[PDB]
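A short write-up of the structure that comes next.
Ideal geometry is used to build each Cβ from the backbone, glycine not excepted, and the neighbour counts take in all protein chains shown. Read-outs: derived from the displayed coordinates by stated rules, not from any lab.
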Amino acid sequence: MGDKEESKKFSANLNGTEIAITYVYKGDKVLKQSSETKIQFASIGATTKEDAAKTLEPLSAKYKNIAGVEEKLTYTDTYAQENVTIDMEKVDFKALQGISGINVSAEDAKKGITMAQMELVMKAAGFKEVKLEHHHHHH
């Protein structure tokens, strides 16, 4: 019935990395996990984009072809935004355990991410959801 596939976007600013995951779920199943990690320089140990890539490539190359896992390293000089898109319709959870891990709950990451899981599990992770709204602060 049209069936809205809805985006749930949380954003945790930790370790110097701004991780905002926009995961789209349809029904009770999450289907696309947009894990957009805004990494800042200096904190990563990189002073230049070259040195940054030499640190990032090894990690971003882990996704490779696990599934519909898109790795967009967008970096100018001041920051490196790793826009990740994990497709949960072809996911291999074998390799994923050594990639993204998602070791917040072994039940979630190993058995297949479910909306009930991602919800309770991201709440358990202590992350703050922004939904998709930033102007939520009326006054």
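Worth a mention:
- Cross-chain or 6+ apart pairs with Cβ under 7 Å, the stretch 1-22 first and closer than 13 Å to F127 by Cα, then hydrophobic (A, V, I, L, M, F, W, C) and not in a strand (DSSP E or B): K9/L132; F10/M122; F10/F127; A12/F127
- Across the stretch 8-31, the qualifying residues are those that are within 17 Å of the chain's Cα centre (by Cα) and of a type in the set (D, E, K, R), and the one among them that is nearest to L73 (Cα to Cα) is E18.
- Residue check, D51 surrounded by fewer than 11 Cβ atoms within 10 Å (Cβ to Cβ), more than 15 Å from the chain's Cα centre (by Cα) and acidic (D, E): no
- Test: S34 is assigned to a loop (DSSP other than H, G, I, E, B), under 16 Å from the mean Cα position of the chain (by Cα) and crowded, with 16+ Cβ neighbours inside 10 Å: no
- Number of positions in the stretch 71-86 that are among the acidic types (D, E) and more than 11 Å from the chain's Cα centre (by Cα): 1
- Scanning the stretch 94-107 for residues that are surrounded by 15 or more Cβ atoms within 10 Å (Cβ to Cβ), under 15 Å from the mean Cα position of the chain (by Cα) and without any contact (Cβ under 8 Å) to a residue 60 or more places away in the chain returns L96, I99, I102, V104.
- A single member of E70, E82 is among the charged types (D, E, K, R) and touching a residue at least 40 places away in the same chain (Cβ under 8 Å), and it is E82.
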